[PDB]
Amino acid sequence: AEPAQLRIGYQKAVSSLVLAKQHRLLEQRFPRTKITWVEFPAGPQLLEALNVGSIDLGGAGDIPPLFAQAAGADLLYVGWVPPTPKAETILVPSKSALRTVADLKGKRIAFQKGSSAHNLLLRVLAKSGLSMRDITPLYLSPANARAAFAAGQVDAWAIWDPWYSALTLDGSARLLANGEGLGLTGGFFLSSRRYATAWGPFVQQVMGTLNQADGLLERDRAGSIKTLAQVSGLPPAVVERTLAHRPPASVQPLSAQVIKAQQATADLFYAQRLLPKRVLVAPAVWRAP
């Protein structure tokens, strides 16, 4: 037996999950399983849905699961997605006086709370003697943060591609700093405990397939650009710029150093009084037989 249903969460931003969904790669591989793709605006949204059973497999950044674990979610890390530091950014309105990270002190900074942008921001700010309490957070999902930025209500926005490329290409934004040199973890695939326990091998095979979907970003450059352009709405030039910011990042098993990295992030968040619990990553880590 393979399960009857896989309701799997994705974010449109993760170009490789868009393509797998478009090329119906899971469906091709698992013909006896109803594959249902459910889109979320970011990670924390996605994790809250895994928590209540709306999906049971989904991809997010490194922070969403830590926010979920701390609130009491019972998830499994089942796959790790390598970081793409150039695609994680702090943007400012191109008109703005701000040119260095130091200039962020006392400014309003939009970002998805609990998202990878929240950790990019803490860690960028740290290299300049700033912390979360030197800046004002505007906790806003990407579309709502975009609207506030276009309206002049934010001083800076921590956000990922496609928005970075979109706003820098159209003149809306300057890059203030990206995620290079912070030793970012990356992201994860999360699962419900029951589903990954019941259907381990299937969950591994799901990863095998999504892994090959990431491969299309480089092995099908010209085709990826069209489909993505077509699917997102974005111009091809922008989709091309987003592919330039992304080395391969194919989902594969959690290595030892990644687990420790995620624990170190958990510690740092707790230490900075941004999580109420100390989160233990390791008991939630899973690998198939």
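Throughout, we count residues from 1 along the sequence that is shown.
Mean C-alpha B-factor is higher over 240-248 than over the other stretch, the pair under comparison being 255-263 and 240-248. The mean Cα B-factor in the deposited entry runs higher for 196-204 than for the other of 196-204 and 106-114. Reading the B-factor column for the CA atoms of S232, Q45, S54, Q69 in the entry, the top value corresponds to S232. The top Cα temperature factor in the record, among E218, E88, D170, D155, falls on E218. For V281, the recorded CA B-factor ranks within the lowest third of the chain. Only modelled residues enter the ranking.
Ranked by C-alpha B-factor against the other modelled residues of its chain, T100 falls in the middle third.
In the deposited entry, the Cα temperature factor of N178 sits in the bottom third of values across the chain's modelled residues.
Sort the chain's modelled residues by C-alpha temperature factor and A49 lands in the lowest third, per the entry. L228 sits in the highest third of its chain by CA B factor, as recorded in the PDB entry.
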